[PDB]
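Chemist: Okay, here's the structure, questions in a sec.
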Amino acid sequence: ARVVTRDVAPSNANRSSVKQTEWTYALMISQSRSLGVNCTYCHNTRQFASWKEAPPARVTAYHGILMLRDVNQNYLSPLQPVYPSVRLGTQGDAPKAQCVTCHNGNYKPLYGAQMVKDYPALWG
Amino acid sequence: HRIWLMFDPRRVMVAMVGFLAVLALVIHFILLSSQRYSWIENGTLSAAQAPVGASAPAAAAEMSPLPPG
Amino acid sequence: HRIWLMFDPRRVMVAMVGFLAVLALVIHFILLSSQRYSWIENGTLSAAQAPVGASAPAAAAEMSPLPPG
Amino acid sequence: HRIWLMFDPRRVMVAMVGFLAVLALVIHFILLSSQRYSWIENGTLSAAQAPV
Amino acid sequence: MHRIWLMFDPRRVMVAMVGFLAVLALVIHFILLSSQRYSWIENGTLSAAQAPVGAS
Amino acid sequence: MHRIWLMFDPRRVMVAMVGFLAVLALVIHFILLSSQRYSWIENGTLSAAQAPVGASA
Amino acid sequence: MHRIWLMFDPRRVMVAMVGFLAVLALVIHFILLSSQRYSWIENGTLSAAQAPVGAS
Amino acid sequence: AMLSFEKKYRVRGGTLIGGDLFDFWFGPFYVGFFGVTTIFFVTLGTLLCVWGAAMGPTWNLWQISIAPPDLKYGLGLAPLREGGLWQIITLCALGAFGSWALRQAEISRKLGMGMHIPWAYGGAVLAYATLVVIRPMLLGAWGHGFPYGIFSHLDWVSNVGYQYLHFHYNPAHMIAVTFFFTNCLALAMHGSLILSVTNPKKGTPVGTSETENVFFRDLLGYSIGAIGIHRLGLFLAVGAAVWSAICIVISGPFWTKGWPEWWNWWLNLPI
Amino acid sequence: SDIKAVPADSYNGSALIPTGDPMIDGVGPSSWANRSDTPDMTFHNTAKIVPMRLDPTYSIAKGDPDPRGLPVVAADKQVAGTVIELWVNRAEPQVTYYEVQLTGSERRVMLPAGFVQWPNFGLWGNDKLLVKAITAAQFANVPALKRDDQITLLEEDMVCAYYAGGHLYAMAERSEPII
Amino acid sequence: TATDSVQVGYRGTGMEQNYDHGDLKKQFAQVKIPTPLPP
Amino acid sequence: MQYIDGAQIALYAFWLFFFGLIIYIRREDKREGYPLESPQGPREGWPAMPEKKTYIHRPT
Amino acid sequence: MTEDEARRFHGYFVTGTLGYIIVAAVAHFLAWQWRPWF
Amino acid sequence: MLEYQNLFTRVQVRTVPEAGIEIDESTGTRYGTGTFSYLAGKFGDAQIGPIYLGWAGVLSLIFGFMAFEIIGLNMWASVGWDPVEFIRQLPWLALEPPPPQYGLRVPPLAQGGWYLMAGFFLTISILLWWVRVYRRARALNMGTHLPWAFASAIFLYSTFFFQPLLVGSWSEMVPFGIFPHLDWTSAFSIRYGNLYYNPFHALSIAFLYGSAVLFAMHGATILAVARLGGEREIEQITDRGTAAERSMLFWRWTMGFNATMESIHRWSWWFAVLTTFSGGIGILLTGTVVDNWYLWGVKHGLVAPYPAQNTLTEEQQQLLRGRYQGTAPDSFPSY
Ligand SMILES: CCCCCCCCCCCCCC(=O)OC[C@H](COP(=O)(O)OCC(O)COP(=O)(O)OC[C@@H](COC(=O)CCCCCCCCCCCCC)OC(=O)CCCCCCCCCCCCC)OC(=O)CCCCCCCCCCCCC
Ligand SMILES: CCCCCCCCCCCCCC(=O)OC[C@H](COP(=O)(O)OCC(O)COP(=O)(O)OC[C@@H](COC(=O)CCCCCCCCCCCCC)OC(=O)CCCCCCCCCCCCC)OC(=O)CCCCCCCCCCCCC
Ligand code: BCL
Ligand SMILES: CC[C@H]1c2cc3[nH]c4c(c3C)C(=O)[C@H](C(=O)OC)c4c3nc(cc4[nH]c(cc(n2)[C@@H]1C)c(C(C)=O)c4C)[C@@H](C)[C@@H]3CCC(=O)OC/C=C(\C)CCC[C@H](C)CCC[C@H](C)CCCC(C)C
Ligand SMILES: CC[C@H]1c2cc3[nH]c4c(c3C)C(=O)[C@H](C(=O)OC)c4c3nc(cc4[nH]c(cc(n2)[C@@H]1C)c(C(C)=O)c4C)[C@@H](C)[C@@H]3CCC(=O)OC/C=C(\C)CCC[C@H](C)CCC[C@H](C)CCCC(C)C
Ligand SMILES: CC(C)=CCC/C(C)=C/CC/C(C)=C/CC/C(C)=C/CC/C(C)=C/CC/C(C)=C/CC/C(C)=C/CC/C(C)=C/CC1=C(C)C(=O)c2ccccc2C1=O
Ligand SMILES: CC(C)=CCC/C(C)=C\CC/C(C)=C/CC/C(C)=C\CC/C(C)=C\CC/C(C)=C\CC/C(C)=C/CC/C(C)=C/CC1=C(C)C(=O)c2ccccc2C1=O
Ligand SMILES: COC(C)(C)C/C=C/C(C)=C/C=C/C(C=O)=C/C=C/C(C)=C/C=C/C=C(C)/C=C/C=C(\C)CC/C=C(C)/C=C/C=C(\C)C(=O)O
Ligand SMILES: COC(C)(C)C/C=C/C(C)=C/C=C/C(C=O)=C/C=C/C(C)=C/C=C/C=C(C)/C=C/C=C(\C)CC/C=C(C)/C=C/C=C(\C)C(=O)O
Ligand SMILES: COC(C)(C)C/C=C/C(C)=C/C=C/C(C)=C/C=C/C(C)=C/C=C\C=C(C)\C=C\C=C(C)\C=C\C=C(C)\C=C\CC(C)(C)OC
Ligand SMILES: CCCCCCCCCCCCO[C@@H]1O[C@H](CO)[C@@H](O[C@H]2O[C@H](CO)[C@@H](O)[C@H](O)[C@H]2O)[C@H](O)[C@H]1O
Ligand SMILES: [Fe+3]
């Protein structure tokens with residue numbers, strides 16, 4: 001999803017369009033609304049590409065992407081043939097998860113409630 | 001009765017009607033925006049089933065409505 | 001004709017020239033943006049090699065980086 | 001004929017020409033945007049193979 | 001009821017009526033065109049039994 | 001009863017009445033069209049038993 | 001036929017004609033330069049059988 | 001020094017505070033009580049700004065930044081090294097701007113002019129006060145103000161704008177932007193019109209007031225008056241600042257979500 | 001030589017103090033610029049500012065109160081006269097002056113339209129002409145015109161300057177500070 | 001209406017999170033954690 | 001070279017043009033009311049006084 | 001503009017319109033030979 | 001109670017409508033006779049007078065209406081020709097530029113061809129309107145100051161064509177839409193690294209604010225001396241009265257220096273023109289000379305230091321590296 005150039009001068013290393021930047025903007029607006037936060041929660045908007053100027057939450061957010069890519073690829077999607085047709089989509093595919101599935105508009109799920117510490121069967 | 005020689009009754013009546021109407025609208029809308037007196041939705045409930053604001057509450061553990069500073 | 005008594009030829013000539021210019025430009029541009037009649041690129045194709053029936057609202061990819069060009 | 005004493009023929013004809021040109025442009029555009037009547041690309045298809 | 005024309009100018013009345021009628025006709029035609037049942041440009045050749053119907 | 005027209009211009013009253021009536025008719029027709037039960041362009045061929053009904057309690 | 005010059009000022013007509021012709025020439029040259037087949041500054045040395053052709 | 005016609009206008013009277021003591025001219029400047037107060041506040045604020053630059057890591061003009069305090073000191077005067085200096089500088093700036101407006105009022109009361117200029121400057125003063133006083137008070141902390149730095153206050157603007165996801169969707173911001181753009185357009189038109197009439201095609205005489213109206217009527221179909229253009233320019237320029245103050249004061253105190261979502265009301269109209 | 005104003009002290013930058021009456025002497029906000037002693041002209045070489053009686057084509061827009069025959073209340077809440085004629089600007093059509101007949105009549109004075117305020121900002125009943133600058137007694141000192149059909153630029157400036165200077169020199173509390 | 005603000009960046013940068021107090025309280029109150037089962 | 005780039009060069013060209021423009025407009029600002037009145041004599045700031053300018057009037 | 005001037009202008013306008021209008025017909029026939037659209 | 005503030009006019013004076021100064025009418029003529037608006041006459045002049053129409057104006061109207069029609073019809077087609085959705089969703093609708101992979105080659109009609117047609121017609125009509133402004137100015141023997149201010153506006157407008165051509169893609173152009181063109185503004189700033197650090201963007205912002213400052217100052221000054229005949233600025237320029245003298249002295253006593261009645265309009269003209277000129281330069285420099293304005297600002301010492309908000313480990317720096325955005329998936333995979 002990166003669009004910003006790591007140089008002062010243009011080159012062929014980055015040829016991102018303004019349209020791709022708009023796509024990233026839409027995805028990040030969705031992420032912000034899924035956590036009930038604004039852009040400055042994970043960004044210093046004076047330079048969106050910087051990780052050192054951004055709060056640590058950004059690092060966490062990136063891992064939340066990777067986890068989702070695993071969950072949606074290896075657990076939820078392969079469950080396509082199990083669901084009845086009323087559960088699938090208009091293309092007949094299994095439902096998938098996003099950030100708001102756990103977060104439901106909060107910076108932490110259930111405001112950071114701890115529940116699995118008292119249920120060892122769910123630990124990994 | 002000599003108060004009316006001090007202020008024009010036309011102006012006083014205009015200000016009175018305007019202020020009283022604005023106050024009535026504001027009170028009705030404050031009540032309608034509340035939880036206990038949202039009468040259009042929950043007006044059929046009895047006085048015992050109507051919502052009541054929470055009393056002196058207790059604390060919580062490892063749970064914050066606000067993100068850390 | 002009497003149409004020139006109601007309408008001065010001086011003004012209607014300019015309006016007519018402008019209308020014909022905009023219409024010809026519109027049609028040439030529409031043809032240039034079509035697959036079948038993009039003559040600058042595919043004008044050398046014969047009538048049997050020309051594309052047919054290629055409306056396809058998403059005929060090309062919408063999202064991509066810029067080319068090296 | 002006496003309508004033309006109540007309305008200026010010049011203004012009526014200018015309004016008619018403008019409205020009719022705009023209407024023709026709008027109809028040709030709607031047809032061109034459709035799938036069944038996109039004649040620049042579809043025109044050589046027979047009626048049976050035209051989209052529905 | 002001809003005396004209405006003595007209260008209202010026929011010219012302005014007819015202009016306003018023509019404008020309102022044209023706008024209304026355009027709005028109805030486009031409401032029909034945008035619907036699923038009455039597109040008539042894509043699905044006009046469909047019969048009344050094959051035309052879409054709203055969900056029950 | 002007909003003295004009302006001596007306080008209000010009938011020409012300026014009929015125009016306002018027509019405008020208000022047209023606006024009100026358009027607003028009601030559009031509210032009905034934007035609803036689910038009375039979207040008559042699509043579901044107008046349904047019977048009264050097949051027409052949508054809003055969620056109950 | 002020459003009488004048209006009594007209806008239209010030759011000076012204005014020539015200025016407008018020259019402006020239109022220059023704009024048209026620049027637009028055509030630019031359209032050709034932006035194309036693949038006729039981008040002559042880069043690929044003008046190709047033979048007619050080597051020049052790009054649109055998809056068949 | 002003095003202009004050729006200046007001497008007859010330099011008289012006594014028109015001041016609001018003080019008498020013959022503060023009724024003199026220092027060079028071209030007029031000094032009143034509010035001139036003295038303006039000098040006091042300007043000197044103190046500028047010296048404190050230089051001290052804030054000295055406390056910081058650089059003397060570079062673009063990189064100097066005196067920042068407001070943390071939000072945890074809400075509405076209290078923070079320690080000087082932790083944002084209190086910003087608060088003192090803000091007090092100095094408020095005093096200086098008020099004194100400038102009142103001194104302008106004294107000057108206009110002395111030349112027989114109207115009171116328009118101080119009130120026009122009051123719009124900008126109100127915008128600044130909304131930025132550093134009204135909005136931080138409604139939000140409950142002085143740390144909601146912007147830092148005093150040439151490029152650091154741009155960073156503050158950027159982050160505050162992205163606090164509402166897409167700040168372009170603020171309706172009052174859209175109205176204020178329209179006011180600014182229309183003001184620039186109208187200023188260009190007015191300057192061009194006056195210059196073109198007083199500096200016409202070479203060889204032709206200076207145009208009249210009817211030429212302006214005839215030109216703009218020929219071009220646009222309507223020509224506002226000579227007084228009308230100045231009224232419109234004043235209204236546009238001042239309304240830009242007023243609508244800016246409105247747009248910033250509703251973000252946070254009244255709206256805390258993303259601005260695009262605010263347009264739900266338009267999509268949910270009953271029609 | 002014509003600056004009837006003595007310096008307050010010898011320190012440079014000091015304010016001047018008028019000796020006689022500033023309004024007619026022409027110092028401070030009562031001063032005027034020496035413009036040409038010829039009338040202001042239109043595009044067609046006609047007098048730009050003329051009374052309505054000299055041009056019947058002009059009129060008053062329907063909906064606006066007619067100021068003629070209205071009392072002119074002065075700064076001291078004293079009626080100084082009555083409006084009898086309107087001078088209009090022919091190049092740009094607007095009300096520019098009000099001709100006021102004095103209480104004792106026998107003369108007329110010119111009143112700039114920019115110094116005229118209407119009651120309730122011209123929203124409610126407009127039955128008097130408010131002039132806050134000059135009091136009723138000073139209307140008799142407004143400089144007279146050479147003719148009654150045209151007004152030169154010099155007289156224009158003189159009348160405007162006289163009216164403007166009374167925002168500081170009408171009463172004694174006006175040139176004095178508020179504290 | 002009070003706004004709860006949480007500072008997430010350096011002072012003066014404008015990096016803050018705003019919340020409307022009333023809706024935040026209502027949203028937090030409505031959450032009901034199931035009680036942990038006895039071990 | 002490396003530190004110098006096109007944006008910097010264009011910026012300094014703009015600065016030069018802007019200073020020239022400010023000089024020209026200040027020259028125009030002194031077309032009325034000059035030279036100044038001072039005990040030391042006539043005074044002219046920088047830029048100095050411009051030449052006298054006269055307008056054109058239509059004949060009568 | 002008199003009636004005779006309108007007659008004289010109409011003659012030239014009609015002949016120029018005809019020539020233009022179906023020199024366009026020749027163009028359309030050439031384009032149809034090259035690549036028919038129906 | 002209050003002094004007359006010259007904000008609104010209470011007594012309007014009517015007369016025969018002004019036909020206009022005699023001008024050449026060989027290529028165009030004036031239409032209308034001149035009507036009066038009372039509400040318009042409250043604030044300024046009241047005459048909705050005749051309007052001149054000639055060759056350039058008619059041609060500009062035709063081309064501009066064609067562009068407007070193309071934009072509107074594409075917007076209408078994007079909602080499925082629904083008039084209710086057309087009105088309800090109007091601020092969100094757009095006519096979108098072509099895809100990035102076409103570069104400068106002509107795109108398909110439904111994927112950017114209409115956009116280029118509309119842009120071309122709008123450009124032609126804007127240039128023809130410039131010609132009309134120039135001719136209206138020269139018909140009255142006026143100077144051409146307004147044409148050359150409109151030229152600065154057109155220069156900024158034309159950078160929205162020239163910068164996408166210089167970077168090499170029509171996809172980078174501004175979409176025709178109320179909200180979407182604001183979306184493009186935001187995404188343009190983000191893509192090229194915080195346009196706040198573009199020096200010419202800062203310059204143009206300075207000139208825009210200065211235009212607001214100058215118009216507020218000039219309008220307040222003229223309104224404050226309108227009681228002395230100050231609004232008639234032509235005569236105050238050719239024969240300096242007491243209003244111009246007081247206007248000069250106010251600002252001389254206030255800020256130590258002043259302008260004249262004529263040169264304040266030079267100040268205004270140049271501030272307004274420079275607003276668009278420096279902005280156009282700034283846009284032309286973006287993506288062709290500088291690709292990251294924040295990094296250019298760091299290079300030239302524009303960026304203030306802040307304490308680090310996060311520190312990354314050696315493995316985190318390799319892990320947190322991402323990938324540049326590519327193309328969208330054209331398949332719906334089954335897992
Ligand atoms: C950006 C572009 C730049 C651009 C810079 C370059 C261009 C500047 C252009 C300025 C305008 C045109 C020139 C002009 O006319 O100037 C006025 C004056 C001539 O005045 P005048 O025509 O004689 O009129 C004076 C008249 O009113 C009589 O005044 P008087 O002499 O009676 O006293 C008036 C003042 C001064 O009082 C004094 O006693 C003066 C001597 C002592 C001064 C210091 C006293 C304080 C203690 C010691 C401090 C110092 C101890 C070390 O009296 C007043 O009341 C007026 C002043 C305000 C008082 C209230 C405020 C009090 C608190 C002040 C705190 C801060 C100041 C200390 O001219 C001159 O002095 C000529 C030389 C130029 C002076 C400015 C030079 C600035 C250099 C800056 C270098 C660095 C630049 C970055
Ligand atoms: C779409 C794309 C475009 C997008 C961007 C577009 C930007 C447009 C910028 C336009 C700048 C001028 C604006 C303006 O006032 O226009 C009005 C005027 C029409 O006036 P008119 O209709 O003829 O009216 C006659 C009369 O009323 C004019 O009086 P006005 O007061 O309006 O103008 C005053 C004149 C007085 O002229 C002089 O005194 C003669 C000397 C002027 C300076 C010559 C050298 C300039 C530098 C050259 C190298 C410049 C190198 C950059 O003054 C002016 O019009 C401008 C006064 C100066 C403005 C500031 C200059 C600052 C220079 C600083 C330089 C650095 C110092 C360190 O229009 C003109 O074009 C006037 C000039 C006409 C004569 C031709 C000049 C150029 C000849 C060489 C090129 C020939 C064609 C290839
Ligand atoms: C997140 C968003 C970005 C940002 C992105 C941009 C971009 C991108 C641009 C600007 C530009 C500008 N920005 Mg910004 N900007 C931001 C923050 C700001 C802030 C602020 C307080 O934060 C301010 C005050 C500004 C102010 C400014 C202006 C000085 C400047 C535009 C002048 C202008 O438009 O004149 C108005 C004039 C025009 C638009 C010229 C064209 C007018 C044409 C000729 C009119 C034709 C009309 C036509 C005929 C009408 C009919 C059409 C129908 C369809 C037929 N920016 C942040 C950093 N800004 C521009 C610039 O120059 O940047 C260097 C620019 O392109
Ligand atoms: C109608 C509102 C618009 C407007 C109008 C306006 N401005 C005005 C006026 C008017 C009508 C004046 O008459 C007045 C004036 O006298 O101008 C010459 C003024 C003025 N507008 C000014 C600037 C200005 N106006 C701005 C805005 C606008 N002004 C609005 C768009 C801006 C913007 C947008 O940023 C600026 C920078 C000044 C030139 C002048 C007011 C002069 C003044 O107040 O001087 C007293 C102060 C000093 C001499 C020095 C500062 C003293 C402080 C204590 C120092 C500390 C400042 C603080 C640290 C802030 C740092 C900010 C950082 C971001 C850099
Ligand atoms: C100094 C820079 C500033 C500036 C200057 C400037 N602009 C100028 C000028 C100047 C000096 C002119 O001379 C010129 C002008 O004439 O102004 C009055 C112009 C102009 N500035 C304009 C706009 C404008 N200026 C802007 C900006 C600015 N202009 C800068 C701030 C902006 C912004 C902020 O984006 C805009 C939008 C125009 C008013 C005008 C140029 C007009 C032009 O080129 O027109 C071409 C004609 C058309 C496109 C025809 C369109 C027809 C209709 C719009 C559509 C059809 C409508 C239909 C008939 C009815 C409605 C629909 C129905 C379904 C109901
Ligand atoms: C009835 C009704 C419906 C009302 C609703 C209205 C509502 C609700 C409004 C909100 C109310 C609230 C709570 C808001 C707070 C508003 C406040 C705090 C009001 C402030 C009042 C006010 C008039 C503002 C400033 C007061 C002024 C102008 C002070 C000047 C005092 C004065 C004349 C003294 C001179 C000394 C000054 C000014 C000090 C500065 C100064 C100092 C300190 C020197 O040492 C010095 C030394 C040598 C030379 C100069 C100076 C110098 O300038
Ligand atoms: C006690 C007390 C507080 C009272 C004081 C009063 C108060 C409260 C303060 C002010 C508050 C008030 C009353 C404000 C409300 C104002 C109102 C009612 C609104 C006005 C809105 C309005 C007039 C219009 C909106 C403007 C908009 C949106 C668009 C502008 C478009 C535009 C570019 C217009 C320009 C028009 C034209 C054609 C001008 C060209 C033109 C120019 C540019 C010239 O230079 C010139 C010079 C000389 C002759 C001719 C001309 C000329 O006509
Ligand atoms: C997807 O589809 C959607 C769009 C959704 C569905 C659409 C629906 C709608 C609403 C459609 C609307 C249709 C409509 C509206 O009413 C249609 C109305 C059509 C009409 C009225 C057409 C009229 C045409 C008239 C013409 C051409 C006249 C020509 C006249 C000529 C040539 C005479 C010339 C004059 C002369 C020579 C005089 C000489 C001078 C003389 C003698 C002198 O000077 O004396
Ligand atoms: C992609 O599909 C989309 C586009 C979407 C679908 C769209 C479809 C639409 C809407 C099409 C519209 C078509 C249309 C109608 O609207 C088309 C109308 C065409 C017409 C009528 C063309 C007429 C041209 C006339 C010409 C060139 C005349 C020339 C005359 C000449 C040279 C003589 C002049 C010289 C003279 C006189 C000198 C003598 C003077 C003398 C003696 C003197 O002066 O005295
Ligand atoms: C009733 O409904 C109908 C449809 C009949 C009429 C209604 C129409 C409506 C409702 C229209 C609405 C229009 C709106 C809302 C428009 C909004 C426009 C906005 C906000 C635009 C903002 C910015 C756009 C910019 C800056 C665009 C610039 C484009 C440029 C510079 C394009 C240049 C293109 C060129 C020169 C193309 C050349 C062609 C080449 C040479 C490339 O040919 C190959
Ligand atoms: C599309 C929606 C409509 C857009 C147009 C809206 C037009 C009206 C809004 C612009 C004018 C607002 O009018 C505004 O009135 C307020 C009073 O409330 C005036 O007063 C305001 O600023 C002054 C300036 O110091 C302050 O002293 C005062 O406390 C403050 O209220 C403003 O000076 C004036 O600008
Ligand atoms: Fe002006």
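The way I read the labels, and the way they are meant: chains A, B, ... in the order of the structure tokens, residue 1 as the first residue of every chain, and ligand 1 as the first ligand shown, with later ones counted on from there.
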Within 10 Å of ligand 12 (counting only C-alpha atoms and all ligand atoms), which residues show up? I'd like them as a list in words.

Modeler: residues 187, 190, 191, 193, 194, 195, 226, 227, 229, 230 and 233 of chain H; 215, 218, 219, 221, 222, 223, 230, 231, 232, 233, 234, 261, 262, 263, 264, 265 and 268 of chain M

Chemist: Given the selection you just returned, output its residues as a file containing C-alpha atoms, formatted as a PDB file, in the first residue's frame.

Modeler:
ATOM      1  CA  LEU H 187      -9.586  41.954  -5.854  1.00  0.00           C
ATOM      2  CA  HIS H 190     -11.166  45.679  -9.051  1.00  0.00           C
ATOM      3  CA  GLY H 191      -7.450  46.410  -9.338  1.00  0.00           C
ATOM      4  CA  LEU H 193     -10.596  47.814 -13.647  1.00  0.00           C
ATOM      5  CA  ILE H 194      -9.209  50.851 -11.816  1.00  0.00           C
ATOM      6  CA  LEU H 195      -5.754  50.533 -13.390  1.00  0.00           C
ATOM      7  CA  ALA H 226     -18.002  51.979  -7.113  1.00  0.00           C
ATOM      8  CA  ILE H 227     -19.178  51.874  -3.501  1.00  0.00           C
ATOM      9  CA  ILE H 229     -17.254  46.862  -5.055  1.00  0.00           C
ATOM     10  CA  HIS H 230     -15.667  48.178  -1.849  1.00  0.00           C
ATOM     11  CA  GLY H 233     -14.565  43.375  -0.933  1.00  0.00           C
TER      12      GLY H 233
ATOM     13  CA  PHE M 215      -9.062  43.916   0.185  1.00  0.00           C
ATOM     14  CA  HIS M 218      -8.821  48.935   1.047  1.00  0.00           C
ATOM     15  CA  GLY M 219     -12.553  48.336   1.431  1.00  0.00           C
ATOM     16  CA  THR M 221     -10.460  52.603   4.056  1.00  0.00           C
ATOM     17  CA  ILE M 222     -12.716  53.610   1.162  1.00  0.00           C
ATOM     18  CA  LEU M 223     -15.881  52.997   3.184  1.00  0.00           C
ATOM     19  CA  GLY M 230     -13.674  58.696  -1.569  1.00  0.00           C
ATOM     20  CA  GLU M 231     -15.502  56.017  -3.558  1.00  0.00           C
ATOM     21  CA  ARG M 232     -15.001  58.089  -6.732  1.00  0.00           C
ATOM     22  CA  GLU M 233     -11.409  56.951  -7.045  1.00  0.00           C
ATOM     23  CA  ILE M 234     -10.823  58.083 -10.648  1.00  0.00           C
ATOM     24  CA  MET M 261      -5.126  56.113  -4.367  1.00  0.00           C
ATOM     25  CA  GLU M 262      -3.836  54.664  -7.653  1.00  0.00           C
ATOM     26  CA  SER M 263      -0.928  52.483  -6.492  1.00  0.00           C
ATOM     27  CA  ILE M 264      -2.990  50.624  -3.880  1.00  0.00           C
ATOM     28  CA  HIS M 265      -4.727  49.044  -6.880  1.00  0.00           C
ATOM     29  CA  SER M 268      -3.972  44.565  -5.136  1.00  0.00           C
TER      30      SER M 268
END

Chemist: Grab me every residue within 6 Å of ligand 10, counting only C-alpha atoms and all ligand atoms, and send it over as a list in words.

Modeler: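 Residues lying within 6 Å of ligand 10: residues 27 and 31 of chain G; 68, 69, 71, 72, 73, 116, 119, 120, 123, 157, 158, 160, 161, 174, 175, 176, 177, 178 and 181 of chain M.
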
Chemist: If you fit chain B onto chain C using every C-alpha atom, paired in order, what RMSD in Å do you get?

Modeler: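 Between these identical-sequence chains, the C-alpha RMSD is 6.0 Å.
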
Chemist: Could you find all residues in chain J that DSSP calls helix (DSSP H, G or I) from the backbone, and write them as a count of residues only?

Modeler: 10

Chemist: Using only C-alpha atoms and all ligand atoms, what are the residues with an atom within 8 Å of ligand 3, set out as a PyMOL selection string?

Modeler: (chain H and resi 154+157-158+168+177+181+184-185) or (chain M and resi 64-65+67-68+71+122+125-126+150+152-158+160+176+182+184-190+194-196+198+200-209+275-283)

Chemist: Would you mind listing what lies within 12 Å of range 11-13 of chain D as a CSV table (one decimal) with N, CA and C atoms, in the first residue's frame, with only C-alpha atoms counted and same-chain residues fewer than 4 positions away left out?

Modeler:
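Listing of out.csv after writing:
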chain,number,residue,atom,x,y,z
C,3,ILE,N,-35.9,34.0,-44.0
C,3,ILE,CA,-35.3,33.6,-42.8
C,3,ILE,C,-34.1,34.5,-42.5
C,6,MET,N,-35.3,37.8,-40.6
C,6,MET,CA,-35.5,37.7,-39.1
C,6,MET,C,-34.2,37.5,-38.4
C,7,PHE,N,-33.3,36.7,-39.0
C,7,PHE,CA,-32.0,36.4,-38.5
C,7,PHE,C,-30.9,37.0,-39.3
D,3,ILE,N,-51.1,32.9,-32.9
D,3,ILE,CA,-50.1,32.6,-31.8
D,3,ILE,C,-48.9,33.4,-32.0
D,4,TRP,N,-48.4,33.7,-33.2
D,4,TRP,CA,-47.2,34.4,-33.5
D,4,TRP,C,-47.4,35.9,-33.2
D,5,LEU,N,-48.6,36.4,-33.0
D,5,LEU,CA,-48.8,37.7,-32.5
D,5,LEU,C,-48.6,37.8,-30.9
D,6,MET,N,-48.8,36.6,-30.3
D,6,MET,CA,-48.6,36.6,-28.8
D,6,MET,C,-47.2,36.1,-28.4
D,7,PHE,N,-46.5,35.4,-29.3
D,7,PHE,CA,-45.2,35.0,-29.1
D,7,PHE,C,-44.3,35.5,-30.2
D,17,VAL,N,-34.9,25.3,-31.3
D,17,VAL,CA,-33.7,24.7,-31.9
D,17,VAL,C,-32.8,24.3,-30.7
D,18,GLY,N,-32.6,25.1,-29.7
D,18,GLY,CA,-31.7,24.8,-28.6
D,18,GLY,C,-32.2,23.6,-27.9
D,19,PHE,N,-33.5,23.5,-27.5
D,19,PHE,CA,-34.1,22.4,-26.8
D,19,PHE,C,-34.0,21.1,-27.6
D,20,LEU,N,-34.3,21.2,-28.9
D,20,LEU,CA,-34.2,20.0,-29.7
D,20,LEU,C,-32.8,19.5,-29.9
E,11,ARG,N,-49.4,34.4,-21.9
E,11,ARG,CA,-48.0,34.2,-22.3
E,11,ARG,C,-47.2,33.6,-21.2
E,15,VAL,N,-45.8,29.7,-20.8
E,15,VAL,CA,-44.4,29.4,-20.7
E,15,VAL,C,-44.2,28.6,-19.4
